[PDB]
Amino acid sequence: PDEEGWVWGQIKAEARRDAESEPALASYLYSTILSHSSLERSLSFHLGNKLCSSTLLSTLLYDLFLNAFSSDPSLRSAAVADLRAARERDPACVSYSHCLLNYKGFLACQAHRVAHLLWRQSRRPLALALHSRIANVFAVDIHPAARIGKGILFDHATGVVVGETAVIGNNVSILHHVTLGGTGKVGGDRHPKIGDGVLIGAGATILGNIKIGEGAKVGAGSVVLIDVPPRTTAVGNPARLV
């Protein structure tokens, strides 16, 4: 009945249709989704399997993710907001279950939120180990110390880089090959601050500690080295306001 409850209900219904139509995937859909009663448990199960390695057991990571989601209401809210963001804004128009299972941006983002929590809980070696796996597996390189809001859309997430001192607001869309990073300058605050509702086009590079205002749009291929005011469009190399 509630928002999360309804979304989870949709995920199960969709998974059940997919399991019935594709016997090669039926058991995996059962073990990941249909055998569970919550989004948190299914997401944790899936992330544990996706990110496991010889260093990190899938059952260990499953525990880690599940504990984090069960302990932290804001992580659950963020996951549902990000599922909604994909359902609403994804150009390829995703079902909830396909986003949950297959969307690398979405999955990397939820896993990053747990890495960020570890980082804040003074478990930085583990935060960094998790970060390394997320990069390995989802081609998403978001430093655990980066701050990101919710309702985030990560389209063709491969090669996304978000630096250590970056800040990303709510309802931001980050397309393919976006770099939110630095000049090569050593130390300190050196990564961009991205306002709510910003759209960053494919291949855009945004460098230095500059501001990208609320609702602004960055055109594809742009190299943005200056502050972009709210509700404006910046495009070009170097980027200029349009």
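Numbers for residues come from their place in the sequence shown, where the first is 1.
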Segment of higher mean CA temperature factor, 172-180 or 208-216: 208-216
Stretch with the higher entry mean CA B-factor, where the candidates are 70-78 and 91-99: 91-99
Largest Cα B-factor, entry values, listed residues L39, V186, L57, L64: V186
B-factor third for the C-alpha atom of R147 within its chain: highest
Ranked C-alpha temperature factor of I200 among modelled chain residues, by third: middle
Modelled-residue ranking by C-alpha temperature factor, third containing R84: middle
Third of chain Cα B-factors occupied by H156: highest
Ranked C-alpha temperature factor of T165 among modelled chain residues, by third: middle
